[PDB]
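Notes follow once the structure below has been shown.
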Amino acid sequence: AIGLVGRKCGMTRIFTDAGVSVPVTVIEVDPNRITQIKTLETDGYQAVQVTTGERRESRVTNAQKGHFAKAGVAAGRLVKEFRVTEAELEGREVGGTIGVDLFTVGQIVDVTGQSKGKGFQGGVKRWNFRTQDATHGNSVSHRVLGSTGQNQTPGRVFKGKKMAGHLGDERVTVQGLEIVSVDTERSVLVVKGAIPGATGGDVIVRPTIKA
Amino acid sequence: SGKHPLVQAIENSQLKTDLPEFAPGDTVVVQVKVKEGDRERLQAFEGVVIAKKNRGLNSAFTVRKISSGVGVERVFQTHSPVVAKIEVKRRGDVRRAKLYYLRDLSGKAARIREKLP
Amino acid sequence: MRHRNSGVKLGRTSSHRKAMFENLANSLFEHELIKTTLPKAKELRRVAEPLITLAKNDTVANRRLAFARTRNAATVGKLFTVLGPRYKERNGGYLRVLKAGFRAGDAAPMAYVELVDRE
Amino acid sequence: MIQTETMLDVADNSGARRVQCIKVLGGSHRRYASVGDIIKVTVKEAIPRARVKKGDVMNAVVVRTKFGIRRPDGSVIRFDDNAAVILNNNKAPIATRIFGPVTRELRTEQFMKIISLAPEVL
Amino acid sequence: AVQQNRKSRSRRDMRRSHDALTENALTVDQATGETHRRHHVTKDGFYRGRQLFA
RNA sequence: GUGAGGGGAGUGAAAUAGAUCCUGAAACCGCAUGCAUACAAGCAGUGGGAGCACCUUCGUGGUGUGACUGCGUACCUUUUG
RNA sequence: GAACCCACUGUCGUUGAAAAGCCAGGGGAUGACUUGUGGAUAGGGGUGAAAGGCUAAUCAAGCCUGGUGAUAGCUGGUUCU
RNA sequence: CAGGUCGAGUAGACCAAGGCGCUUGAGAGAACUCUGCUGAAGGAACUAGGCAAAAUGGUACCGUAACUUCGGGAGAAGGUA
RNA sequence: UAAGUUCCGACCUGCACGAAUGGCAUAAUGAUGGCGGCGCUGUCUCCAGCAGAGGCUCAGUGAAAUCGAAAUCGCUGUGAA
RNA sequence: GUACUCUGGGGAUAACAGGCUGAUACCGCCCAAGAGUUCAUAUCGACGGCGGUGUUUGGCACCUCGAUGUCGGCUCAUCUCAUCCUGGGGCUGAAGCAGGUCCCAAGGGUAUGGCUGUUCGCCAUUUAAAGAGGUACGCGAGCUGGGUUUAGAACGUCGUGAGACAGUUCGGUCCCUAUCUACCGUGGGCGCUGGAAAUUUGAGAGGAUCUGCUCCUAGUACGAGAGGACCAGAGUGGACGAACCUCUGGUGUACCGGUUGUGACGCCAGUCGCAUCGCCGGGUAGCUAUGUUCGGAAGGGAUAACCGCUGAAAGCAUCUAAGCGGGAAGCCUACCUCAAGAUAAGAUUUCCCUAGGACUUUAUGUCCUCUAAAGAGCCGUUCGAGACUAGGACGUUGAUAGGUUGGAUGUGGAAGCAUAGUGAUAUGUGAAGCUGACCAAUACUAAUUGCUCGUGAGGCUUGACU
Ligand SMILES: NCCC[C@H](N)CC(=O)NCCC[C@H](N)CC(=O)NCCC[C@H](N)CC(=O)N[C@@H]1[C@H](O)[C@@H](OC(N)=O)[C@@H](CO)O[C@H]1NC1=N[C@@H]2C(=O)NC[C@@H](O)[C@H]2N1
Ligand SMILES: NCCC[C@H](N)CC(=O)NCCC[C@H](N)CC(=O)NCCC[C@H](N)CC(=O)N[C@@H]1[C@H](O)[C@@H](OC(N)=O)[C@@H](CO)O[C@H]1NC1=N[C@@H]2C(=O)NC[C@@H](O)[C@H]2N1
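Residue numbers (the UniProt record's numbering), protein chains in the order written: chain A, 2 to 212; chain B, 2 to 118; chain C, 1 to 119; chain D, 1 to 122; chain E, 2 to 55.
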């Protein structure tokens with residue numbers, strides 16, 4: 002479905018009149034500018050390509066400069082596609098703008114982001130492995146993996162065995178978030194709960210796929 | 002004001018504007034809204050302020066009292082609508098920002114001297 | 001993880017690091033041009049420049065703060081009579097750090113630290 | 001935040017004075033009990049000539065904790081002790097008096113007697 | 002733990018196939034005309050016009 | 001670097017006889033040239049076999065390499081094996 | 001309870017800093033105490049508040065040299081066509 | 001042999017006279033290992049076993065049970081400044 | 001003890017106690033064996049953060065055991081099984 | 001006699017694990033006296049018979065004695081189905097609620113403690129359930145070392161004795177820096193029909209898959225009564241997983257303060273070094289769980305047992321032989337992530353390069369001169385990215401980092417001076433002073449002048465359009 006590309010600004014709270022404190026995440030939205038429309042005839046599928054933000058001309062390459070100039074829009078800091086159907090595709094044309102008014106208060110959405118990077122990590126943190134005894138004669142084996150397999154049969158380590166390695170810094174989608182506020186003056190979405198990534202990261206907001 | 006300006010604006014939109022001045026060591030009464038069914042009433046919570054957090058809309062303060070012989074603490078959120086009103090009954094004179102040492106004192110040992118004008 | 005943390009370690013205890021940077025600041029204020037390793041040179045800014053900012057205003061309390069931070073009477077006197085008046089109208093950036101190759105003994109990268117208007 | 005081997009005071013006049021939690025009821029591998037949860041306890045100390053005796057295994061409901069409870073506005077309420085109220089075999093209070101304050105999470109048809117008998121509900 | 006078989010010279014060289022050195026970034030200093038390391042003071046104490054040692 | 005070491009010059013029949021110096025093998029380690037090699041599974045050869053490079057009596061020839069292909073689980077000892 | 005003399009517990013160390021240790025705790029500490037220098041006891045012997053302990057990093061019979069090229073119905077090896 | 005301030009002290013902290021900075025360094029600040037500090041609620045549920053760790057700790061005065069070989073137990077326990 | 005193959009007291013069909021290879025007790029003593037309690041806690045539920053030393057990168061020096069030769073994959077079967 | 005021991009040999013020969021076998025063990029089936037008020041077969045089932053598996057006890061002695069070095073616990077698993085729970089069914093001696101028995105089904109899930117070295121077992125209290133097994137009775141170059149099985153000592157018992165045990169008891173050293181395969185992460189090279197900057201399709205791969213209670217239908221159907229539903233809807237939990245730091249807390253040895261001993265800054269005052277950050281009380285960012293939010297929702301397709309519709313072979317009957325349906329937490333989809341080294345190397349948008357001679361090996365030919373694009377990298381300032389890398393931002397046409405200015409926060413009343421006190425101290429100046437990492441501005445300092453790589457229109461054949 003068609004969605005929005007924005008930037009995570011930080012977490013805060015909204016107080017209701019009954020006194021309930023709702024934890025919220027604020028997403029800045031610079032209105033998305035359509036750069037290309039992909040169709041069945043020329044591309045074999047239907048999508049809307051958008052750009053957002055700004056980029057200096059010394060960082061915009063000549064190929065991208067021509068690509069943006071064909072659509073007639075200012076260069077953005079990123080380019081991203083949304084898969085669409087004909088119903089959502091109608092009304093959208095190259096050079097148009099998609100704003101925060103695409104959403105409504107109370108709507109349920111999915112938010113995608115790039116999670117924080119934890120670097121090289123061990124079994125305890127990465128896979129919730131249990132530590133061994135801190136005392137009672139233990140020898141330098143407090144946070145180690147333990148056994149990694151069986152004996153001569155099968156005589157190898159299976160694929161997908163949980164071990165130490167890089168954790169985080171990956172694409173994560175969180176489903177079931179409720180739109181708390183749609184501020185058109187500031188071009189801001191306010192959603193309930195936490196979303197992946199650090200402050201300042203790029204996020205994608207789409208209508209929920211679950212129903 | 003360690004947040005981004007947009008977050009600051011969104012938070013400043015909801016600030017209370019009639020908050021009194023109070024400090025750790027003061028004894029205060031808080032009127033708390035209680036709603037059961039369609040029935041609304043105000044319940045009083047009176048005691049000593051042992052901690053104050055100044056964080057704009059994220060401000061909080063902790064009140065300690067002895068209720069039926071059992072010590073109880075509540076950490077109120079300052080700008081929450083459930084806090085209907087705050088009144089300062091008596092001003093205390095202390096030497097530090099956080100009065101957690103009061104938890105280990107009972108009776109006369111836990112008395113706070115009045116701040117004299 | 002060290003997300004958004006400031007400061008260095010340099011293989012030293014905290015007290016040793018603080019003493020070393022105090023010594024470096026004293027030597028810099030005395031000679032106005034020194035040679036050291038590049039990480040030490042870059043971290044020295046955060047210690048040396050605030051001292052000049054403090055010395056811009058001559059008061060007894062400011063002099064005592066400078067003496068508590070430097071423990072050198074000659075350094076305090078030079079800061080409050082020479083360096084502060086010299087940099088009164090400069091909005092920071094009293095030092096410049098310039099890469100200067102590597103050191104023979106251990107191939108450590110080196111740099112010069114210089115006061116902006118030295119001579 | 002009550003687990004096994006945790007000692008609790010008794011906020012009633014059933015006769016028990018100290019109890020020890022021996023099980024957290026209501027689920028496999030369930031770790032902790034909070035205000036309004038049912039636990040199995042053993043009676044470690046009781047006053048003489050009472051309905052309850054030292055060494056009995058009974059049910060109880062947690063009414064006060066030091067870890068505390070959260071409220072919808074973001075506040076937390078903490079108590080100075082961990083206290084329980086003794087129940088019978090069909091999970092109903094057996095006491096006639098309640099000592100100390102209780103919280104509003106006990107406002108159910110099962111525990112309304114505690115609310116009615118308590119000196120303070122907060 | 003130790004090898005069960007001696008490693009061949011071919012495999013040893015294959016492991017060393019990533020051991021080559023690289024050049025530094027050198028540049029002619031327009032103020033003085035000598036080759037110097039880029040972004041570094043020259044050996045005689047010159048950098049982008051300013052001269053350090055009188 | 002008034003170092004070590006080397007390049008000339010000179011001596012000598014000979015200096016790749018130059019000082020731990022007659023001859024100067026092998027293991028082991030470099031540089032140069034030719035061919036092969038980054039979609040394909042194993043005692044590394046063997047029987048076939050295209051292409052390429054140099055040479056050439058110009059070939060039904062010589063030297064080097066070896067795409068692709070059939071077959072193929074070291075040696076010794078001790079053992080019923 | 002320090003020095004000094006010991007070696008009960010644990011982590012570390014185990015191609016160690018060390019062929020028996022370090023660190024944190026531990027026991028005795030005017031006595032059947034600890035210790036320097038110089039002597040005596042020598043191998044089926046010595047010495048032993050006794051563990052087969054100790055007798056030069058070696059002990060159910062020290063070390064060195066001889067008999068001696070001990071013997072081995074056992075294991076290994078045994079070289080061109 | 002062995003000073004100063006506190007101290008019963010040759011214990012201990014910091015200093016004197018007098019000596020040193022221990023013959024690879026510079027960065028980085030991942031998993032994991034060693035050594036430390038702190039830790040919500042619970043408080044032996046750990047484990048072969050409270051192993052390890054945590055805890056107690058001074059001076060003066062008050063007070064101190066069973067048992068006893070009449071010495072002890074005993075600095076019992078506990079309290080105040 | 002909620003739950004006690006261990007512990008304490010008692011019973012006696014003592015497989016196979018018993019009186020200087022001493023019997024039954026016994027105050028004090030023991031880095032001696034077993035059981036229980038208070039306090040205490042990262043022993044544990046269940047781990048988190050931080051400090052130092054390695055680990056990692058750069059410059060210098062520079063080991064080890066092992067090793068028939070290697071162009072050194074999975075599965076099912078076979079076969080000194 | 002040797003457990004105080006030693007040498008030469010053997011996998012010619014035992015103990016462990018493997019192998020062959022399957023008496024034994026476990027599971028299944030056939031016949032059916034009888035039990036079941038009548039009624040072999042709802043449920044059991046005598047006397048006898050036939051098989052399956054390879055968890056037991058064994059038999060053999062083929063591999064290993066120039067070493068395959070472990071009872072239990074811990075950590076981490078993977079598979080089977082003869083299924084413990086949840087799902088779907090047939091029969092019933094199935095009124096309902098329950099239960100018994102058999103069939104299908106391996107997606108997920110499947111206790112904490114007391115005793116003991118235990119595996120096991122008994123017990124206490126939970127749960128929807130606390131399944132049975134294979135994996136060298138999985139896992140000790142991953143941990144432990146309580147039991148067993150060295151050397152010390154003792155008891156019971158045996159022996160004249162040295163000593164010994166269908167026994168017991170106290171004590172008693174656990175080595176290895178990982179070459180290859182495998183696995184978890186992360187790069188370099190080349191390839192992909194001229195080169196480049198982006199955006200992408202999805203052949204496929206992995207992850208996830210659990211479940212309680214309450215209310216309602218309805219005290220209805222059912223039943224004499226006691227009791228009490230199917231189907232279909234709401235609410236609220238447990239366990240598990242992910243992301244996050246607004247809230248609640250922990251930590252926070254470059255933030256603030258109190259205080260002891262000692263030394264020093266000439267002295268007072270004020271400070272600093274050392275004593276675990278000396279000790280003590282707070283605490284900003286970051287990280288983090290015990291904190292917060294979210295997830296396993298819903299729907300399609302083919303099926304399992306089972307139930308059919310119509311229908312002959314076989315004038316009837318029959319789910320089947322033609323033909324047409326229903327049907328499960330299971331399979332394919334669906335949800336999330338990865339994915340063209342998918343060598344079958346895919347698609348789309350945009351950008352760049354349009355020069356001369358000689359010669360023969362007459363061709364994407366070999367040498368001279370000219371040319372050096374779009375871009376990429378080196379270097380520098382760095383990061384909520386990170387072992388090194390890689391990845392993201394910026395390099396004067398600049399807010400990339402430091403500093404500076406302002407704010408915010410934390411701590412909690414600086415120094416100096418002046419008052420009141422004999423004094424310790426107290427008060428005023430003034431919520432002052434100081435404030436790592438935060439927010440916002442600001443070219444003061446550092447990102448200089450640069451260099452390297454990457455070329456010059458992209459072979460041939462055929463077809464269709466021009
Ligand atoms: N184009 C290139 C040009 C480059 C440029 N030019 C630079 C250049 O050129 N640099 C030159 C560097 C060369 C080198 N560094 C110099 C060097 O080495 N000096 C060596 C100086 C001292 C030397 N060690 C002494 C020596 O030799 N003692 C030996 C020794 O005691 C022993 O010998 C052995 N074996 O045991 C003995 C037995 O005989 O003999 C002695 N000797 C005897 N000699 C005698 C003989 O002959 N007969 C009779 C009897 O008297 C013999 N005994
Ligand atoms: N002709 C040629 C002769 C050649 C000669 N043979 C070569 C030779 O022998 N090399 C030996 C290398 C040893 C050492 N690494 C040398 C060095 O480099 N020391 C660095 C110091 C140099 C500095 N610039 C001067 C300095 O601070 N002095 C102080 C001062 O005098 C004094 O302090 C106060 N407060 O009064 C004293 C306290 O007692 O301590 C001294 N400091 C000291 N540091 C030394 C240390 O640790 N150990 C040895 C001794 O030197 C110690 N004293």
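The beta-carbon is built from N, C-alpha and C at its ideal position, and this holds for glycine as well.
Length of the line joining the Cα atoms of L87 (chain D) and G118 (chain A): 50 Å
Residues of the stretch 60–76 of chain B in Cβ contact with chain A at a cutoff of 9 Å, in chain order, please. Of all residues in the stretch 60–76 of chain B, none has a Cβ within less than 9 Å of some Cβ in chain A.
Output yes if chain B places a C-beta closer than 8 Å to the C-beta of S75 (chain D); else output no. yes
In the DSSP assignment, find the unbroken beta strand (DSSP E) run with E74 (chain B) in it and report its ends. 71–78
Only counting the same chain, and skipping five residues up and downstream in sequence, which positions put a Cβ closer than 7 Å to that of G92 (chain C)? Result list for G92 (chain C): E49, in chain order.
On a CA-only basis, which of A:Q37, A:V112, A:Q65 is nearest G96 (chain A)? Give me that one, please. When each option's Cα is compared against that of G96 (chain A), the closest is A:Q37.
Looking at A66 (chain C): is its Cβ nearer than 8 Å to the Cβ of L51 (chain C)? yes
How long is the line joining the alpha carbons of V85 (chain A) and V49 (chain A), rounded to whole angstroms? 7 Å
List the residues of chain B whose Cβ lies closer than 8 Å to the Cβ of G26 (chain D), in chain order. The contacting residues do not exist; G26 (chain D) stays about 26 Å from chain B at best.
Between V52 (chain D) and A16 (chain D), is the Cβ-Cβ spacing less than 8 Å? yes
Between the stretch 19–31 of chain A and chain D, which residues of the former have CB atoms less than 7 Å from a CB of the latter, in chain order? Listed by position, the residues of the stretch 19–31 of chain A near chain D (Cβ gap below 7 Å) are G20, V21, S22.
Can you find a C-beta in chain A that's less than 8 Å from the C-beta of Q78 (chain B)? yes
Output yes or no for whether 8 Å exceeds the beta carbon distance between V43 (chain D) and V24 (chain D). no
Chain B contact for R17 (chain D) (CB, 8 Å cutoff): no
C-alpha distance - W128 (chain A) paired with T149 (chain A), whole-angstrom precision: 14 Å
Counting only runs that start and end within the stretch 9–70 of chain C, where is the alpha helix (DSSP H) found for 4 or more residues in a row? For the stretch 9–70 of chain C, whole alpha helix (DSSP H) runs of length 4 or above, ordered along the chain, are 14–31, 38–55, 60–70.
Buried versus exposed call for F104 (chain A) [16 or more other C-beta atoms within 10 Å across all chains shown]: buried
Could you check what DSSP says for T75 (chain C) in three-state terms: helix, strand or coil? helix
Can we say the stretch 32–46 of chain A touches the stretch 32–43 of chain B, given the rule of at least three CB pairs closer than 8 Å? no
Skipping 5 residues on each side, what residues in its chain have a beta carbon closer than 8 Å to that of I69 (chain D)? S34, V35, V76, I77, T103, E105
One or two residues paired with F121 (chain A) in a DSSP bridge: A:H167
Where the alpha helix (DSSP H) containing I115 (chain D) begins and where it ends: 112–117
Helix, strand or coil at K81 (chain A) according to DSSP, with G and I counted as helix: strand
Against chain B, with Cβ distances strictly below 8 Å, would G198 (chain A) count as a contact? no
In chain order, which beta strand (DSSP E) runs of at least 3 residues are fully inside the stretch 25–111 of chain D? 38–46, 57–64, 76–79, 83–87
Which of the three DSSP states is assigned to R42 (chain B) in this structure? strand
Show which residues of chain B have a CB atom less than 9 Å away from the CB atom of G202 (chain A). The premise fails here: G202 (chain A) is roughly 13 Å from chain B at the closest Cβ pair, so nothing lies under 9 Å.
I want to see whether chain B comes within less than 8 Å of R187 (chain A), judged by CB atoms only; does it? yes
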